[PDB]
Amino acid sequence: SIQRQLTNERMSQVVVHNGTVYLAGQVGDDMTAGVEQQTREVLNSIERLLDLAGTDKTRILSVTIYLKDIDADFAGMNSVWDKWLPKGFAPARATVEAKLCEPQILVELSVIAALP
């Protein structure tokens, strides 16, 4: 049916429904760091959540990327993103400017993936 993982009153980090994995929005850990390091931390977090969900980063379907300042940080975010996935397995992607819930958060990813 529906499986939920890492749940509190506000959200589940992982929701799995009929083979599709929906992740809560993910942000980085170090609030003093630039967009490159925050993006690395986001991608590490996503990998951990995909492990728990029962899939892996070659089965990502669609990612929406929110940047606090797209003019400042698009290129730095891309420099990390473009190295993340094996060639041939990149998902659909969309990248837009939207402030996150704290001013030090420079990047947030919303991920949809697939179970094997």
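Numbering starts at 1 and runs along the sequence shown.
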{"item": "Of 21-29 and 95-103, the stretch whose C-alpha atoms average the higher B-factor in the entry", "value": "95-103"}
{"item": "Greater mean Cα temperature factor according to the PDB record, 30-38 or 61-69", "value": "30-38"}
{"item": "Assigned third (lowest, middle, highest) for the C-alpha B factor of residue 46", "value": "lowest"}
{"item": "Third of chain Cα B-factors occupied by residue 114", "value": "lowest"}
{"item": "Chain-relative CA temperature factor third for residue 74", "value": "lowest"}
